[PDB]
Amino acid sequence: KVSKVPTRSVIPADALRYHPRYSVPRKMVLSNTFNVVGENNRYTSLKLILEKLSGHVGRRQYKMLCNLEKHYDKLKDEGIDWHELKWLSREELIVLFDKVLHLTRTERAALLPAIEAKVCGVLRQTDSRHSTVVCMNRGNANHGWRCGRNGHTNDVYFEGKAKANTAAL
Amino acid sequence: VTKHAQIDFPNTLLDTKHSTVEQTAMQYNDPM
Amino acid sequence: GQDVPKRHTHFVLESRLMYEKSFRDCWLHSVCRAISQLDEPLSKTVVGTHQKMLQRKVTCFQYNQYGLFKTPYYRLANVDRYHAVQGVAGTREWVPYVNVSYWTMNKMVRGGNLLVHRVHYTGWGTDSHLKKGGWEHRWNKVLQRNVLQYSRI
Amino acid sequence: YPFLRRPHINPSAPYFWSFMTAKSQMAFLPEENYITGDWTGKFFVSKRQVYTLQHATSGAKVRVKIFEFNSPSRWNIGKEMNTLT
Amino acid sequence: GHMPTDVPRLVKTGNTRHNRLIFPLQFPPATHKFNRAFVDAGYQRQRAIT
Amino acid sequence: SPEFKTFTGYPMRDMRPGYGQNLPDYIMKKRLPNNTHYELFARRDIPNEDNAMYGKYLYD
Amino acid sequence: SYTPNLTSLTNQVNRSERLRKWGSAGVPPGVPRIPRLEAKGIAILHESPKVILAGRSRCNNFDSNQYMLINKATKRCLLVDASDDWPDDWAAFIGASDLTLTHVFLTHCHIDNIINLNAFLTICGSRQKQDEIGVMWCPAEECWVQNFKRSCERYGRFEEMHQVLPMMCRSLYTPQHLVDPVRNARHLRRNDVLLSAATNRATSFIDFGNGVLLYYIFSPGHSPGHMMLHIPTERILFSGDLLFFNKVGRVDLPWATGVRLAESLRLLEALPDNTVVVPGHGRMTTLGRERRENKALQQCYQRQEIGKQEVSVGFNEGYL
Amino acid sequence: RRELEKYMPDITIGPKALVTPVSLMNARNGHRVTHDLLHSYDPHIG
Amino acid sequence: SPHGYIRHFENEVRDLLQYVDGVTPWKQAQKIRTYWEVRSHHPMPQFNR
RNA sequence: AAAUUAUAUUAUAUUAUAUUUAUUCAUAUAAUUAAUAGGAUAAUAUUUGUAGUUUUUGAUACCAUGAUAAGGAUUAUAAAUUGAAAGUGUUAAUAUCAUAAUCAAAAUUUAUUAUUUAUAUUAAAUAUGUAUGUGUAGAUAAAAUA
Ligand SMILES: [Zn+2]
Ligand SMILES: [Zn+2]
Ligand SMILES: [Zn+2]
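Residues numbered from 1 in each chain as written, not as in the entry; some residues may be left out. Chains lettered and ligands numbered in written order. Part of a larger assembly, values for the part shown. Heavy atoms only, no water. Residues with missing side-chain atoms left out of burial classes, pairs and counts.

The deposited coordinates, according to the entry record, derive from cryo-EM at 3.1 Å resolution.

Here is the structure:
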């Protein structure tokens, strides 16, 4: 007898990913600072998205010329969040970009793909304790632009932690 | 939860005096 | 790995802090107990009402010290540092010199870290005082070496 | 096991004041029968507090680790909370 | 915020392992006069059992 | 007594039943545990000896 | 690891890695010899009318295994992957079994396979003193022979460093020494065979005796020259480091290619499922269980089906 | 505490009774404070 | 610095007694009672052993 | 039916039948995190809540282990010595969770009508008839129904 190796006809491209043990990687739970959503915890998803939009991009490591990290401090001083940035309308973004942020026309062009897709600012769990993984799925208006998948339901700021509790913040 | 591996023939009343590769082939559902 | 889990390191460090608090508090607690529990007069100078008032005042001072270490030494003198197994001081589950349990002592014998000499398990080893009188005679010999050979001054 | 070194530690008429009590009457009451410093209130008192006259006289609350002493009497005065339970 | 369900969630923690997550759906107690005003905060009840 | 097995010319124990910790004359003549073997046990018995020779941050 | 040149010494990332991996020591602890305690005895794995397979599991702290095939007729034994921290049980077993050791098969020349090879040859030849033992190996492993000392450097095997390997001595394939006219223990080893990478089912075998044939298969990916043993009459596949229980060999070592490992796994699909595969490390399995329950083979055949021209499979954490 | 002070009398000297003088430092192994936690007199730990 | 027994601590006992008499008021030290002073309120305080 | 392998020594035991206790069990709990820092008798740095924040405690599996019992042979041609005692080989049954993704049983501490085994308490009863264990233990200085 010669048993055939069980394969599939249609396989998603996520299953083509590499693991050194050819197994499922560990998903370590996030640190105890993310247990309560506070002002120290609110803008860590906004910081990593602006960090990735300014760093090197691709296999050839194309450096993004516009530095969007300089606008992180003035965004958190106004008290606006990445999840609160997706709730702003079109007229509220022209007021935010021109008056407060003073975003130039090329810095506005590098940030707009992150706002056009409505990226869910949820810290994904990873193999390490310090996670720099944000869920890049497109959000829907029924689930608060959180993409509604893997437990990101309308208030979830961090994967594995509690909701937003908007009465406090 | 780990699902235990299963063979077709019952392991009850099997001799343990077999050789090691015979028991190895026997337990992985491909006997000699 | 790696050495031991960190809760056991916290436990051994709390035992060391209890030893340090014993060194901090033992002289003060002993002087307070020896003044406050004495019925004979302290001196020719202080007698009668002055002695009773001083004993009541030192009792008020002794009770006002929150955190004074009055715990005896033998209650938590069986803490092992390498492993989490708890032994009993006085039995064979504890060795006194390297201050580990029987399990840890066997692992450090089988690992080769210590320099220990094996002797027959029904004899008294090699010590002439131990062959002579046992544990009590070596106890008295350590007492005689430490204290009683000195003419006090 | 050594003699009387266990870490986890009865009616008698001729040995009433001498069984599980202090050896001398000259000594003072223990530390739990007095207030050490600034306290926010204790949930329970220790078992070595001597039942005094003011325990049965005032009678605010007696909580021993539970145990509730709501029957005050004078036959308990002068004795710790061990033999009273 | 957990929704009550009766299907377990299977979280694959490795090859041939997974994790079965389902929750037993607590029911409220009876509303008879003996269950009312139960001394839950006490834990040392001395009320006589008729 | 010289005709006993555990002969040491100093009296190792006082012939007194109940010579306990409550007596103040025992408290006065007792050795304090300052710089006895307990001090060596408190400062030496560490679960890792490398935290007794330096600080780890300093060595790294 | 590698040679400390000027660039490696002036690098701060090197000191950062040596602090992260090994703590405050900075030096890697080696792979030591297994002591005489916690060492098990030689087990007889398989008994057959033709051959007898006798093995010992976890004979190194590399967690490798040591196997010997015994011909029941000719009384000739054959060690495969000779790496045991105590080759004194094996010489006593051969002497008490009245056996003759004639050859030692080597799958590949990594340090988990040839660490105690001179000890095997010396002790078994000393017992034969009361024809020498040959070595069967692939010449591509020459590139792993020369780094036997460096691998003995990094894994703390200092007593096996200053030892000329018997595969480096002059065989019949090499020119001979022109000695002064006024010795042959080390000058010439006539019993030595070099296996060829052109392995077929026709003539690529060793006549073990009594009609038992051992087909060596050239299967790279974990090594440039990696030779499995296949006994079709006994359904036994000494895989070495190519295939294990639920895992395959490493590719994150030098001279290891993932697509060579994928081709080596693809040249194994014509054997029956009841062939007991016997790995160099760990527990033994069958080839049908590896066709059904091994994720590396599933990924290899899935990448082959979806259209990858260069399918590259391999482990990065596992057995050396 | 206010109902606890009836059957249990209050003896509160204050925090002055917890800090021994400097002349009693070497008798108490270098310390001055009789707190439940140890008190080091260096600014680096402090 | 003295070492060992309490008989070698002459000045330290004096400084401790002076400090204890300094910080402690007498109106606090009145409240501490002995064992027989509490046992006097018992209806049968005294009997032979 | 022989040779003696045999250890042998003495004592104890239970719901008499109820009560207190050392451990066991029930049900109430407190405890939580990370890192260095040199001071008198030294040719001159005033200095240390400063550089740390998303800090570490996270892989219990089905490998081929090992213990048990049983049978073999060699040496005494000396009356000296404190002391004539020591090494070497084979078969049955039982058994085999260490290359993997976690978490506080008795890691572990403390307490309450309540569950035991032990701890000592603990008694009547001649009308008749009457009440046999396995074991647990200490150091070890008798021997022939097969
Ligand atoms: Zn998402
Ligand atoms: Zn290899
Ligand atoms: Zn290998």
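Asks: So what exactly am I meant to see when it comes to the overall build of chain B here?
Replies: In terms of helices and strands, chain B carries 1 helix and 0 strands. Within the span of chain B, comprising 32 residues, buried residues form 25% of the whole. Carbon and sulfur atoms form 52% of the exposed surface of chain B, whose accessible area is close to 2,600 Å². (Helix = DSSP H or I, 4+ residues; strand = E, 2+ residues; numbered from the N terminus. Buried < 20%, exposed > 50% of the residue type's maximum accessible area, 1.4 Å probe, protein only. Areas by Shrake-Rupley, 256 points an atom, 1.4 Å probe, with all protein chains shown as cover.)

Asks: Sorry if this is basic, but what is going on with the sheet that holds strand β7 (residues 192-194) of chain G here?
Replies: Two modes of strand pairing occur in sheets, parallel and antiparallel, and in both the strands are linked by backbone hydrogen bonds. All names here are of chain G. Strand order across the open sheet formed by 7 strands is β1-β2-β3-β4-β5-β6-β7, with mixed pairing between neighbours. Strand pairing shows two members of the sheet lacking a second neighbour, β1 (43-47) and β7, which therefore form its edges. Between one strand axis and the next, the sheet turns by 20° as a mean value, whatever way the strands run. As defined by bridge partners, strand β4 (residues 76-80) adjoins strand β5 (residues 100-105) across 5 bridges and the pair is classed as parallel. (Pairing = 2+ DSSP bridges. Axes fitted to C-alpha atoms, helices over the stretch in contact; angles between N-to-C directions.)

Asks: Sorry if this is basic, but what is going on with the coordination of the zinc ion (ligand 3) here?
Replies: Under perfect tetrahedral coordination by four donors, a metal shows angles of 109.5 degrees; under perfect octahedral coordination by six donors, it shows angles of 90 or 180 degrees. Residues and elements named next belong to chain G. Coordination of the zinc ion (ligand 3) by the protein comes from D112 (OD), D241 (OD), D241 (OD), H281 (NE2) and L320 (O), over a distance range of 2.1 to 2.4 Å. Between the zinc ion (ligand 3) and the zinc ion (ligand 2), both coordinated by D241, there is a metal-metal distance of 3.6 Å. One end of the pair, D241, is in the loop between β11 (236-240) and α8 (258-266); the other, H281, is in the loop between β12 (276-279) and β13 (285-286), with 40 residues separating them in the sequence. You can call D241 buried: its relative accessible area is 0%. Note on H281: relative accessible area 1%, which makes it buried. (Donors = N, O, S within 2.8 Å, 3.2 Å for Na, K, Ca; no water.)

Asks: Looking at this structure, I do not really get the coordination of the zinc ion (ligand 1). What am I missing?
Replies: All names here are of chain A. Coordination of the zinc ion (ligand 1) by the protein comes from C120 (SG), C135 (SG) and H152 (ND1), over a distance range of 2.4 to 2.7 Å. Read in sequence order, the donor residues coordinating the zinc ion (ligand 1) give the pattern C-x14-C-x16-H. In this pair, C120 is assigned in the segment after α6 (107-116) and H152 in the segment after α6, connecting sequence segments 32 residues apart. Accessibility expressed as a relative area gives 0% for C120, which makes it buried.

Asks: What is the right way to look at the protein's contact with RNA strand J in this model?
Replies: Not every one of the 51 residues close to RNA strand J is listed here, only the nearest: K6 of chain C, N10 of chain D, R17 of chain E, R283 of chain G together with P43 of chain H. Counting only the atoms of RNA strand J that lie within 4 Å of the protein, the sugar and phosphate share comes to 65%. Separating a phosphate oxygen of RNA strand J from a side-chain N or O atom of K17 of chain B is a distance of 3.5 Å. Separating a base nitrogen of RNA strand J from a backbone N or O atom of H44 of chain H is a distance of 3.1 Å. Those elements giving two or more residues to the surface near RNA strand J turn out to be α1 (20-27) of chain B, α1 (6-36) of chain C, β1 (9-14) of chain E, α4 (56-59) of chain F together with β1 of chain G. With 3 residues, the single largest contributor to the surface near RNA strand J is α4 of chain F. Of the residues in the surface near RNA strand J, the class split is 17 nonpolar, 16 polar and 18 charged. (Near = heavy atom within 4 Å. Polar contact = N/O pair within 3.5 Å; in protein donor to acceptor, adjacent residues only side chain to side chain. Nonpolar A, V, L, I, M, F, W, Y, C, P; charged D, E, K, R; others polar.)

Asks: Explain helix α2 (residues 49-63) of chain C here, please?
Replies: Compared with the 21 Å implied by 1.5 Å per residue over 15 residues, the 21 Å span of α2 of chain C between its first and last C-alpha is a close match. Counting buried residues along α2 of chain C, 11 of its 15 residues qualify, which places the element largely inside the surrounding structure. Every buried residue belonging to α2 of chain C is among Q51, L54, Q55, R56, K57, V58, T59, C60, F61, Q62 and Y63 of chain C, and all of these are buried. Where α2 of chain C is buried, its residues contact α1 of chain C together with α1 (10-23), α2 (26-29) and α3 (35-39) of chain I. (Expected span 1.5 Å × (residues − 1). Contact = heavy atoms within 4.5 Å.)

Asks: Before we go on, may I ask you to explain unusual backbone geometry in this structure?
Replies: Peptide bonds are trans in most cases, and residues, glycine excluded, mostly fall at negative phi. For the bond from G1 of chain C to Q2 of chain C, the omega torsion is 0°, close enough to zero to count as cis. In this fold, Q2 of chain C is placed in the segment before α1. Even without being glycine, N150 of chain A reaches a positive phi, approximately 55°. Mapping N150 of chain A onto the fold places it in the segment after α6. When its relative accessible area of 56% is taken as the criterion, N150 of chain A is described as exposed. Positive phi, normally seen in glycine, also occurs at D63 of chain G, with a value near 55°. Looking at where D63 of chain G falls in the secondary structure, it is placed in the loop between β2 (51-56) and β3 (66-71). A relative accessible area of 34% places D63 of chain G in the partly exposed class.

Asks: Would you mind going over the environment of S131 of chain A with me for this structure?
Replies: All names here are of chain A. Examined against the element boundaries, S131 turns out to sit in the segment after α6. By relative accessible area, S131 is classed as buried at 6%. Once the C-alpha coordinates of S131 and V24 are considered, the two residues, 107 residues apart in sequence, prove to be 17 Å apart. Among residues more than four places away in sequence, those in contact with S131 are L30, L48, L123, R124 and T126.

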